[PDB]
Amino acid sequence: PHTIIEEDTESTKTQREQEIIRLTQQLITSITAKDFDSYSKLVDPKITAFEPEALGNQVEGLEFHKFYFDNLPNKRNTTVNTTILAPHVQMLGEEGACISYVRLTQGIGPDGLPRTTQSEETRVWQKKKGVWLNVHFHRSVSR
Amino acid sequence: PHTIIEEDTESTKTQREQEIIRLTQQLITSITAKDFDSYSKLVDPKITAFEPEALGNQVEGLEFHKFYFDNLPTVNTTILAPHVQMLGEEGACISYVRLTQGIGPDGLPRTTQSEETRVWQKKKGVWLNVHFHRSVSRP
Amino acid sequence: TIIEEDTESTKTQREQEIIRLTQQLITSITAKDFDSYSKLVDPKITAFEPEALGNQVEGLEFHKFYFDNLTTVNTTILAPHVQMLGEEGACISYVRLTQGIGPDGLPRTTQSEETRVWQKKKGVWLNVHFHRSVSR
Amino acid sequence: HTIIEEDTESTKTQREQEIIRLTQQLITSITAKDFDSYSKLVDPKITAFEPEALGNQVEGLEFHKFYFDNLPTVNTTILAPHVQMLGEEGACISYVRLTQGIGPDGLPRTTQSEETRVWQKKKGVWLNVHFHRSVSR
Amino acid sequence: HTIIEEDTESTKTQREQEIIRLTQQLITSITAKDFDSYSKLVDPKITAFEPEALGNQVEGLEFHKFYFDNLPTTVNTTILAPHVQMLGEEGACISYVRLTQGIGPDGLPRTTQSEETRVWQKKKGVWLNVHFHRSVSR
Amino acid sequence: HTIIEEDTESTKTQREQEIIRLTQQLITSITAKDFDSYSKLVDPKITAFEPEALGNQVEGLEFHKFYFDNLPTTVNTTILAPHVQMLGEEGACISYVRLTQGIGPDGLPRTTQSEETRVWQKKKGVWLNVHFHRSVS
Amino acid sequence: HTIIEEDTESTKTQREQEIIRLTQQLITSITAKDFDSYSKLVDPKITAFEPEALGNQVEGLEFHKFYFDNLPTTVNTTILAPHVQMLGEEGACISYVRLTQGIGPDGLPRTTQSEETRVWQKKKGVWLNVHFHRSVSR
Amino acid sequence: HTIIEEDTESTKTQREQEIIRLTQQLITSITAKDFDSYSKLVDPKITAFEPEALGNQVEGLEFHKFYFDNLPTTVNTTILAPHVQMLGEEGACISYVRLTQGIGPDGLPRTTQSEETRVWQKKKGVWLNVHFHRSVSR
Amino acid sequence: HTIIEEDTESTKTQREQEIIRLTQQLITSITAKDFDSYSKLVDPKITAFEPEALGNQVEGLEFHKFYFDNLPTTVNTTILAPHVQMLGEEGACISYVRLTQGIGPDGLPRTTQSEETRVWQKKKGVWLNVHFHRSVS
Amino acid sequence: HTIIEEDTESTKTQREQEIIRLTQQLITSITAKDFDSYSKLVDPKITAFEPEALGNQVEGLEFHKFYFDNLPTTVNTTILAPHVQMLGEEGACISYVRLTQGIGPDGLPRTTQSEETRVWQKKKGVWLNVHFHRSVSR
Amino acid sequence: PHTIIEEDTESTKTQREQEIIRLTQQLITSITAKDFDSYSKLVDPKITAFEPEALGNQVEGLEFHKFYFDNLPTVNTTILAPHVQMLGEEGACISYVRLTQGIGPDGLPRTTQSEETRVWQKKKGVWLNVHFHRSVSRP
Amino acid sequence: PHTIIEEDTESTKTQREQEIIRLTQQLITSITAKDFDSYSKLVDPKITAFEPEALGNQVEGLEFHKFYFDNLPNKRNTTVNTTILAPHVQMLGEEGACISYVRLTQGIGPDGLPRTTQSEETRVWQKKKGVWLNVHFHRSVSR
Amino acid sequence: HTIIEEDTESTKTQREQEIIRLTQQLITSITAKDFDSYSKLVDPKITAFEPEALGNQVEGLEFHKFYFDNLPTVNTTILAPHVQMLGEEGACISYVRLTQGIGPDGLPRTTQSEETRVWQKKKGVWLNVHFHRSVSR
Amino acid sequence: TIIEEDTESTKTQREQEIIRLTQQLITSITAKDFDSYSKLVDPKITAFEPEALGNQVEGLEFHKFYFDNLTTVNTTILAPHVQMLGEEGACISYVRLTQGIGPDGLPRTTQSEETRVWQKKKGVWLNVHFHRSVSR
């Protein structure tokens, strides 16, 4: 029970930019649904990462995140609702792209408590042999 | 006194990504020296930014950072493990750990750490920083 | 049940309807009836609420998440100010006072300041924007 | 005192663009403490929801004029303005206001508020008849 | 479920005394959670200032009714130094210190104190409470 | 010192309009600390519930005169939603929310909210305040 | 549970000795929760100052009768240095330090302290407690 | 600085009115730090219960005379609801709530509260305070 | 229950040796909670300063008997540096440090230190404790 | 620099009274920081239990002398309910509650309370303090 | 489930120091699996150690760590930026950041970080860990 | 006003081990005296480090520490007394050595307050062309 | 219960080596709660400084025998033993004791104490006449 | 000045000298006279003190650091136990109670438990080990 929502606003993006947004949406769907095959198809095997689970280190490879796919609750236990706020997409020539957005996640905590979480995400995509892959992402949370 | 040091340890970088590292070094130099002219020369005027000064929002433009070049009142900035991924011919992405050694109220030494991602785009033959993302992890 | 408090007087016939429409809206919220809610709310509604964490959200899905989760409550509208905007605009602002039961068997009262902006689209009034605040 | 709008890379229609410009002039009169321009842009019977009102709804200019008369480097930034038009005489603009300033010490601090302003075209001119300021925790 | 009124020394006038009686009946309907007597003693458009209203002024019975619908035997209220000021033939203003005794979660005796001002209006020969103000000092 | 009153809606009767005006003059006399005007508007044996009384009920004018003589510049009192209920011909009861904008120890503006209930009694053709009740939430 | 007086030095007169014995019987009815014995020794219009009154002065038997109808074992109350001043034949005033030893929630022995001042009035040949004042030092 | 009494309702007898006036003169000598006027109104062997005694009962004038020789402007003491009970011709007992308004370290106005119980004895035609008890509620 | 005594150095006179022995028997009667032995060793009008008295000075046996009847297995009392000073022929004063090893609520051993001063008076040829003073640092 | 002793009611025997006097002189030498009078009233091999000794027993004058060498006008001590028990012809044991009043860093009046037990021995016809025990409750 | 991952990013190691990394991986595996036989095979019996379990003291021998192999009651250990400096023919020194992903009381995920230095000595043709130094920096 | 003291105990070390101890002493003397030339002579220009000033990162090169030589108070202001506790030296063939010890430092704080600091140090030495150099050190502090 | 000594890579003289072995036997009797071996290795008039004594100096075996009689996986490690001999009948051994154990939960905890034991050769056998246990903060 | 407290009795002539030597040692400490201190203390003295942070230190330099830094104090020795060890050993243990003035003008008292071990080296007694503890 999870669905990903984007809201660009009145602004209409480039068709290319629109595809980067759609791909990012698919990736987030892989993460919330914990489908590691779909995640792996969209992400480069040598992706560098900056996330709070890294404790200020930079991590490389898929295994660090495959830990979260193979573990953590399945997804049946609870329901989630992620939302992408103001996605800014900057194309970098023909083979690069950089999408940065605010991620707002609605869910249920330990009890039947509804809570909202905000994180700031930067994802860099590289067009490798006609296929866009996520080569680096950087996820922070405000204090 | 403001100096900037990179630490590539044993790995070897290509000339392109070595230049991305060099440009990032100059950028952070203009930051620590509060030289906004050089900073403006290295940064695209429509630059997006994620930083703790923005309170979890994404800001655009130069005025938001030019505020800090003004108004604000001996440090060593160190770039740790610069990962530079080239993106075709007009893209580049360098992520690193920014370690800052400095002085407190007294002659007291303290170190701060932030994780930075900077995205460079080659616009009309020159490299410009079009987006950066600065984080500080659970202190 | 919901209680309105105009204090004194009767509003004009146009803004009285805005008050009643707000009553039906809050009724759909408290009763968790999403059909009436979707009928009263524009599909591209912008929103400022504490559940949005200082962000502005748009669409119904963000709010429909709250309809699909979770008996006796008493909401009360304090000093409604309705300002009409031509023939196709209306802006109602009021203080929402809610009475309910928390985790234990103890009664609690919550206060929030709500500002709803209604638009008359093709003869029917729809809420296109609302702004919910909570004082500290 | 400099004010910057951030539409994203979008262009609004000619009608709502003026709502954006007028809002910038309003925030300008607020930051510069110029009550004359403020009074020209605001209806005298303006209802208001702001943290200075302590969860109450205030009306009139006197409550706000109290703030123009006290105290003499700031940078306000308008994040994601949404303008929904209401016929020919109504407009509703909502945005996130991001303020950079200097506090008691010489330290830069940033504050974020959410603002929703409702404008009414009264006799060919636009006046701000309602506004709602919230602050996230 | 017994309410004690403490006139201190000396005796007031009879008309003030009846206002005191009606206030007692009101608080009895409150501690006994008897909404019928409460509705008999209270005007349907009563204004109220109480800590449950969060610095707002509430009107009507539903705001207090809600409280009567939800709760359940052991209470004791005491009216401290009631001042009753008559207002012509149709007005009355009684103000007093309310002292309530009860039992919380665990079996320990606790006492709460509030300051109350109740305003009675003589409508059609009967007295009704048209406004009350409940405060608590820190 | 400015005392502003706002009724959300409706016109009061003439009598209760006067009750509102008399309350306004009273609050003015408090802010200006003119004890002669205050005493003219208030009964010499007025009972009172206010935070300065520490949950006690005080009577008389001296308890309040103490504040008139020792306090001893610019403040803004706003009166929100006055509910006036007349009691026959010789009684009246007005209850309202009071907002106070002022400057504290700093150069920073602060707002204070209190809920007030005043009871007026007409004696010999003159309305006097005989009891008031001020609480803060 | 039993109560113990501590006269320390010197011997009191035959009048004040009875005041101390009656105070002992009173506190005995308090610790044993026997309201009958308490009502025989207390005037029905008794004023009271106690921490359970929150700095107010309550009147009547019911304010204290609420406490008799709550909780059931072993306690030890001691009257430290009773000072009895007689006022003619119909007045008496005894002030003392009440020291209580008991068990709380856990299994521990403790010693609470309160200062009590009781005023006795001889009404129709019997001594009655018309006012008591309970204090606690910080 | 001046002291104000609040009799509220009713009129006291001619005897107890003098007890209240003498209490006013006493607290006046306290707030003005005039030990001469204080010594004229207080018996030299006065017992005392006050928070400055830490729950003990002190005797003599010097224990309080220490406070007269310390600190120098504007204060306001009010006697709330004085209850005076006469004991023949040579005894009197007044209990009241003392409410003090003053300025602390910073420039702020405040209202401290203490409960006072004073016992007056007529010794050779003059009334003297032989025992006072100062309490503070928490 | 074991009561151990240790003098760092020196031999006491015969009298003060007996004073030490009587104190030992007293502490034994407290630990074993044998009130008959305690009463035999203590004056019926004994004054006392102990933490159980809350800074007051208590007199008599009942105050202490309360603890004999309600407490109601293995503890180790060690008496450190007894200073005995005889006062003529009918007085004596012994002061010492008392260590107590025991088991509290847990299965963990805890040690308690208290400083005690006992005053013995010989009445009719029998030594009785007439005053003791127990403090804890 | 004045010490007040409070015998409460009634009068003790003369021999106990002199022990009280000598205790007063001792504490005067303490508050006045007069080491000569202190040395005249105290045996050179005095044992002591005081909070300054940290749960240890100290002996001799140097431990208290040290205190007399270092410090400087405003103090007031009061001896509460002195119990004096004579021990034959050469022993005496006085125990009491000491109540001290003074001024700390800022100009605020403060009161401290300690429990003291002093043991006097009649050595060569004069009384000397051979052991004292200073305690403070929490 | 216990796995161990190294992250050499772009740099290239020699076969010797690559084997030092491999041996360290096996060592940490025997730690997370609490397999003391393998651990003893990789560790010299007179090994010195600095670790927070030692409270600022330096311990020697195996019994101090064998205590933790006993008595103690799904994790991913990751070796970050392994710097391996060879010391002639019989010495080696590998220092790295040890990042540990694991589960709390609930199915709650948490990450811990420690900095480790391990010194290897070639004794009779086999490599043994003769000294290690484990630190945890200002959490 | 600073001097470095070693105390091996009754145990006598190897002559080689003794030299490693002496070299370590010289290095610490360079640090306390803030003589960067003497420090640089004993330390390898590509030394890796683990110290609390690195915030859980590993640092390489001299500049990170030359920051502390060129800044910080000179050394004239106060007096220091460092002490090396139980130095354990393990030789690694002919070209490696590993010395680990407890560092106890006595000094004066902000006021005239004497304070003691303990840190645990591991220093690795490499014999490069007949000259021992410090190639890695690891300094921790107990909690 | 296993005990490990850590001389560093040194060998003591034959006389002090026995002091080390005997100390190991003493700590063995302590960890195993075997009072018989303890009493054979310890002089009956042993003075003692330990945190269980609350800064006081205790003497005898009873104070320590109290601890052998209460409670039934531990690892003690002796760090840097210094043995200074005193003629033919005295010896002073001081060391750092490092203890690994399990607390209330199933969590491993480590404690560190500093111990100084003074042995005396009494009639050809070595007895521990004094010990001093400290704990750093 | 320093005060000894044998409580009662006189020690034997051999251990009395150990007590006096301890007095001279503490005198050199309080007066910060390092010459007498070095004369009374063996150059290879082991030490357990709170200034060593749970470590055992050896030598005079660690203590000489404290002689070269920083009027009226009163130290007192409580219940000294002196146990002789043959002809060339002695072990004295005692409670040290120190009276002094802190930062302000207020008197403070500190307590520590000291255990000194003396050795007769070539006819003269030297302190070869001492162990200073502080109770919490």
# chains A, B, ... in the order shown; residues from 1 in each chain; ligands from 1
$ select_by_dssp --residues "range 42-93 of chain J" --states "strand (DSSP E or B)" --output "MDAnalysis selection string"
chainID J and resid 42:49 57:59 76:87 91:93
$ calpha_fit_and_write --fixed "chain K" --moving "chain B" --output "mmCIF file with C-alpha atoms, in the first residue's frame"
data_model
loop_
_atom_site.group_PDB
_atom_site.id
_atom_site.type_symbol
_atom_site.label_atom_id
_atom_site.label_comp_id
_atom_site.auth_asym_id
_atom_site.auth_seq_id
_atom_site.Cartn_x
_atom_site.Cartn_y
_atom_site.Cartn_z
ATOM 1 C CA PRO B 1 23.773 -13.674 8.460
ATOM 2 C CA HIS B 2 27.241 -12.071 8.463
ATOM 3 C CA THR B 3 28.938 -10.563 5.410
ATOM 4 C CA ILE B 4 31.928 -8.237 5.055
ATOM 5 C CA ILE B 5 32.478 -5.736 2.239
ATOM 6 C CA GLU B 6 35.557 -3.749 1.239
ATOM 7 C CA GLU B 7 35.408 -0.465 -0.696
ATOM 8 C CA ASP B 8 38.717 0.234 -2.477
ATOM 9 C CA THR B 9 36.957 2.736 -4.817
ATOM 10 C CA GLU B 10 39.254 3.750 -7.693
ATOM 11 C CA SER B 11 42.705 2.965 -6.248
ATOM 12 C CA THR B 12 44.724 -0.153 -7.089
ATOM 13 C CA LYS B 13 46.493 -2.283 -4.473
ATOM 14 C CA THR B 14 49.440 -4.631 -4.878
ATOM 15 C CA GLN B 15 48.977 -8.371 -4.420
ATOM 16 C CA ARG B 16 50.645 -8.313 -0.990
ATOM 17 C CA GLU B 17 48.483 -5.550 0.461
ATOM 18 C CA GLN B 18 45.436 -7.014 -1.287
ATOM 19 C CA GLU B 19 46.170 -10.163 0.720
ATOM 20 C CA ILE B 20 46.470 -8.070 3.899
ATOM 21 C CA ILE B 21 42.991 -6.721 3.146
ATOM 22 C CA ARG B 22 41.702 -10.252 2.538
ATOM 23 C CA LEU B 23 43.179 -11.478 5.834
ATOM 24 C CA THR B 24 41.625 -8.553 7.709
ATOM 25 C CA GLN B 25 38.278 -9.439 6.125
ATOM 26 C CA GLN B 26 38.578 -13.022 7.368
ATOM 27 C CA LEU B 27 39.545 -11.762 10.835
ATOM 28 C CA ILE B 28 36.506 -9.492 11.147
ATOM 29 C CA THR B 29 34.401 -12.380 9.826
ATOM 30 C CA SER B 30 35.584 -14.609 12.663
ATOM 31 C CA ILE B 31 34.706 -11.714 14.985
ATOM 32 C CA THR B 32 31.141 -11.137 13.762
ATOM 33 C CA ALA B 33 30.566 -14.905 13.588
ATOM 34 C CA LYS B 34 32.268 -15.340 17.000
ATOM 35 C CA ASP B 35 34.318 -18.194 15.508
ATOM 36 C CA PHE B 36 37.270 -18.230 17.893
ATOM 37 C CA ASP B 37 39.117 -21.036 16.090
ATOM 38 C CA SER B 38 39.594 -18.982 12.914
ATOM 39 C CA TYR B 39 40.300 -15.886 15.027
ATOM 40 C CA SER B 40 43.058 -17.737 16.889
ATOM 41 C CA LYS B 41 44.494 -18.911 13.569
ATOM 42 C CA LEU B 42 44.728 -15.293 12.367
ATOM 43 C CA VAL B 43 45.954 -13.672 15.611
ATOM 44 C CA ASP B 44 49.328 -13.956 17.340
ATOM 45 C CA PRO B 45 48.978 -15.334 20.900
ATOM 46 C CA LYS B 46 50.900 -12.362 22.335
ATOM 47 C CA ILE B 47 48.841 -9.643 20.644
ATOM 48 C CA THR B 48 48.753 -6.150 22.110
ATOM 49 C CA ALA B 49 45.484 -4.241 21.895
ATOM 50 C CA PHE B 50 44.038 -0.765 22.412
ATOM 51 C CA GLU B 51 40.239 -0.839 22.455
ATOM 52 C CA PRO B 52 37.378 0.778 24.409
ATOM 53 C CA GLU B 53 36.780 -2.551 26.151
ATOM 54 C CA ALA B 54 40.205 -2.032 27.763
ATOM 55 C CA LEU B 55 39.353 1.390 29.279
ATOM 56 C CA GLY B 56 42.403 3.234 28.014
ATOM 57 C CA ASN B 57 44.782 0.412 28.958
ATOM 58 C CA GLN B 58 46.770 -1.828 26.617
ATOM 59 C CA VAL B 59 45.977 -5.520 26.962
ATOM 60 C CA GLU B 60 47.990 -8.531 25.822
ATOM 61 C CA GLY B 61 47.070 -12.113 25.005
ATOM 62 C CA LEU B 62 44.015 -13.915 23.693
ATOM 63 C CA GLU B 63 42.028 -14.548 26.883
ATOM 64 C CA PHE B 64 40.920 -10.901 27.032
ATOM 65 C CA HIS B 65 39.165 -11.272 23.658
ATOM 66 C CA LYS B 66 38.217 -14.933 24.093
ATOM 67 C CA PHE B 67 36.090 -13.630 26.966
ATOM 68 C CA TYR B 68 34.002 -11.828 24.350
ATOM 69 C CA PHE B 69 33.880 -14.838 22.037
ATOM 70 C CA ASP B 70 32.162 -16.552 24.966
ATOM 71 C CA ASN B 71 29.560 -14.970 27.269
ATOM 72 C CA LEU B 72 28.342 -12.598 24.542
ATOM 73 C CA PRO B 73 24.799 -13.326 23.238
ATOM 74 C CA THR B 74 22.213 -9.894 11.260
ATOM 75 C CA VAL B 75 24.933 -7.330 10.522
ATOM 76 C CA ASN B 76 26.983 -5.998 7.606
ATOM 77 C CA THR B 77 30.552 -4.936 8.379
ATOM 78 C CA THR B 78 32.102 -2.647 5.765
ATOM 79 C CA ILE B 79 35.771 -1.706 5.448
ATOM 80 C CA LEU B 80 36.209 1.853 4.197
ATOM 81 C CA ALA B 81 39.301 3.215 2.456
ATOM 82 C CA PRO B 82 41.715 0.449 3.538
ATOM 83 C CA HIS B 83 45.182 2.008 3.637
ATOM 84 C CA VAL B 84 47.749 -0.805 3.597
ATOM 85 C CA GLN B 85 51.411 0.108 4.031
ATOM 86 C CA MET B 86 53.854 -2.763 3.652
ATOM 87 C CA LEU B 87 56.805 -2.857 6.058
ATOM 88 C CA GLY B 88 59.623 -4.678 4.311
ATOM 89 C CA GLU B 89 59.041 -8.404 3.953
ATOM 90 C CA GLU B 90 57.707 -9.346 7.401
ATOM 91 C CA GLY B 91 55.657 -6.260 8.293
ATOM 92 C CA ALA B 92 52.353 -4.757 7.215
ATOM 93 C CA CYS B 93 49.992 -2.125 8.596
ATOM 94 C CA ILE B 94 46.375 -1.705 7.471
ATOM 95 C CA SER B 95 44.180 1.107 8.807
ATOM 96 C CA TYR B 96 40.550 1.571 7.832
ATOM 97 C CA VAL B 97 37.132 2.808 8.888
ATOM 98 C CA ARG B 98 34.908 -0.022 10.126
ATOM 99 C CA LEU B 99 31.248 0.746 9.394
ATOM 100 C CA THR B 100 28.724 -1.654 10.924
ATOM 101 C CA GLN B 101 25.076 -1.870 9.853
ATOM 102 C CA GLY B 102 22.840 -3.743 12.257
ATOM 103 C CA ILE B 103 19.517 -4.286 13.996
ATOM 104 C CA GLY B 104 18.373 -2.897 17.336
ATOM 105 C CA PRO B 105 15.834 -4.288 19.817
ATOM 106 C CA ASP B 106 13.031 -3.984 17.282
ATOM 107 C CA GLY B 107 13.655 -4.547 13.617
ATOM 108 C CA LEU B 108 15.321 -1.127 13.891
ATOM 109 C CA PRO B 109 18.358 -0.352 11.746
ATOM 110 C CA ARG B 110 21.357 1.514 13.144
ATOM 111 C CA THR B 111 24.906 2.141 11.965
ATOM 112 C CA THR B 112 28.024 2.297 14.131
ATOM 113 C CA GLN B 113 31.487 3.524 13.162
ATOM 114 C CA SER B 114 34.934 2.752 14.543
ATOM 115 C CA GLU B 115 38.446 3.454 13.268
ATOM 116 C CA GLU B 116 40.783 0.466 13.298
ATOM 117 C CA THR B 117 44.525 -0.011 12.862
ATOM 118 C CA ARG B 118 45.848 -3.567 12.527
ATOM 119 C CA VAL B 119 49.533 -4.505 12.337
ATOM 120 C CA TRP B 120 50.437 -7.806 10.682
ATOM 121 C CA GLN B 121 53.735 -9.665 11.051
ATOM 122 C CA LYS B 122 54.917 -12.572 8.894
ATOM 123 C CA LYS B 123 56.027 -15.184 11.437
ATOM 124 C CA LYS B 124 57.330 -18.404 9.847
ATOM 125 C CA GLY B 125 55.705 -17.736 6.483
ATOM 126 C CA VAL B 126 52.209 -16.960 7.818
ATOM 127 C CA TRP B 127 50.705 -13.554 8.540
ATOM 128 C CA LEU B 128 49.505 -12.943 12.090
ATOM 129 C CA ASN B 129 47.807 -9.923 13.634
ATOM 130 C CA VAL B 130 50.212 -8.834 16.388
ATOM 131 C CA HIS B 131 48.583 -5.531 17.437
ATOM 132 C CA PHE B 132 45.326 -3.690 16.844
ATOM 133 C CA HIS B 133 43.988 -0.307 17.923
ATOM 134 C CA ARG B 134 40.224 0.302 17.836
ATOM 135 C CA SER B 135 38.855 3.816 18.373
ATOM 136 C CA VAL B 136 35.428 5.497 18.384
ATOM 137 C CA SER B 137 35.652 9.235 17.730
ATOM 138 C CA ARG B 138 33.527 11.596 19.864
ATOM 139 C CA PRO B 139 30.030 10.145 19.552
#
$ select_by_dssp --residues "chain F" --states "helix (DSSP H, G or I)" --output "MDAnalysis selection string"
chainID F and resid 14:31 35:41 51:53 62:69
$ residues_around --residues "range 22-25 of chain E" --least-positions-apart "5" --cutoff "9 Å" --atoms "only C-alpha atoms" --output "list in words"
residues 3, 4, 5, 17, 30, 37, 38, 41, 79, 94, 118, 127, 128 and 129 of chain E
$ residues_around --residues "residue 133 in chain D" --least-positions-apart "5" --cutoff "7 Å" --atoms "only C-alpha atoms" --output "list in words"
residues 49, 50, 51, 113, 114, 115 and 116 of chain D
$ write_last_selection --atoms "N, CA and C atoms" --output "compact mmCIF listing (two decimals), in the first residue's frame"
# COMPACT_ATOMS: atom_id res chain seq x y z
N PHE D 49 -3.90 36.49 10.37
CA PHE D 49 -3.49 35.35 11.20
C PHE D 49 -1.97 35.32 11.20
N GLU D 50 -1.36 35.66 12.33
CA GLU D 50 0.10 35.69 12.40
C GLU D 50 0.52 35.34 13.82
N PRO D 51 1.74 34.82 13.99
CA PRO D 51 2.20 34.44 15.34
C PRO D 51 2.22 35.59 16.33
N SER D 113 8.93 31.09 7.24
CA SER D 113 7.50 31.19 7.52
C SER D 113 6.73 30.83 6.25
N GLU D 114 5.49 30.41 6.43
CA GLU D 114 4.59 30.13 5.32
C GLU D 114 3.53 31.21 5.29
N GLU D 115 3.38 31.88 4.15
CA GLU D 115 2.44 32.99 4.05
C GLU D 115 1.41 32.72 2.97
N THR D 116 0.16 33.09 3.26
CA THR D 116 -0.93 33.01 2.30
C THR D 116 -1.66 34.34 2.29
